[PDB]
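**Student:** give me a model of this one.
(chains A and B)
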Amino acid sequence: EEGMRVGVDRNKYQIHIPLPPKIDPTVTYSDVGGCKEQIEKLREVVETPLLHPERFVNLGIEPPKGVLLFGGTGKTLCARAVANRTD
Amino acid sequence: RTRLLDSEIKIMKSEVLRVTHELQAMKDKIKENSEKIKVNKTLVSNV
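**Tutor:** Residues are numbered from 1 along each chain as shown, chains lettered A, B, ... in the order given. The protein structure is shown below:
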């Protein structure tokens, strides 16, 4: 697969036994109720598809499954209040 | 029809010439084209 440091001949440069020695080490809630209005939309988008694909599927609308958040706002604290709730 | 023998001689000559073209082209092309492919296979640059 292109973008991998693969084994390759020293003379003919034909591909040989590969390896990605670049490996995994590259990537690193009582606050439920914060900025008020945000809480309900977050709750819906997270749980209602995770819990009840009926409020939308039967409604034909789609399960809210994403958020275009924008903002000391707390972009992580919201994700953690969700971690209280996702599972 | 006396020219038929000379025509047969010329036709055998044309057959030998086609076979010689076959040799000089395909047989030598084995070598030449194989070297070209080697350069292509065994191992990008600007005009």
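**Student:** list the contacts for residue A:7?
**Tutor:** A:15-19 (Cβ atoms under 8 Å, 6 or more residues apart in numbering or on different chains). For the C-beta atoms, the positions are set from N, CA and C on the backbone; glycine is no exception.
**Student:** need phi/psi at the nearest residue to it once chain neighbours are set aside.
**Tutor:** In this structure, residue A:7 finds its nearest non-sequential neighbour in residue A:16, 3.2 Å apart by Cβ to Cβ, 6 or more residues apart in numbering or on different chains. Torsion angles at residue A:16 (phi, psi; degrees, to the nearest 10) stand at phi -130, psi -170.
**Student:** ok, residue A:16 touching residue A:10?
**Tutor:** No - taking contacts as Cβ atoms under 8 Å, residue A:16 lies outside contact range of residue A:10: 9.3 Å.
**Student:** residues contacting residue A:78?
**Tutor:** Counting by Cβ under 8 Å, 6+ apart, residue A:78 has contacts A:34, A:38, A:42, A:69.
**Student:** before we move on, the earlier item: so who does the residue nearest to residue A:7 touch?
**Tutor:** A:6-9.
**Student:** can you check residue A:77 too?
**Tutor:** A:31, A:34.
**Student:** just the C-alphas of stretch A:49-57, formatted as CSV.
**Tutor:** Extracted C-alpha coordinates of stretch A:49-57, given in CSV (Å, rounded to 0.1, in the frame of the first residue of the first chain):
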residue,chain,number,x,y,z
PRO,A,49,-29.4,7.7,17.8
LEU,A,50,-27.3,5.7,20.3
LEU,A,51,-30.5,4.7,22.2
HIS,A,52,-33.7,5.2,20.1
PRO,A,53,-33.5,5.2,16.3
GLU,A,54,-37.2,5.6,16.3
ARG,A,55,-37.6,9.3,17.0
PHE,A,56,-36.1,9.9,13.5
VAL,A,57,-36.2,6.6,11.5
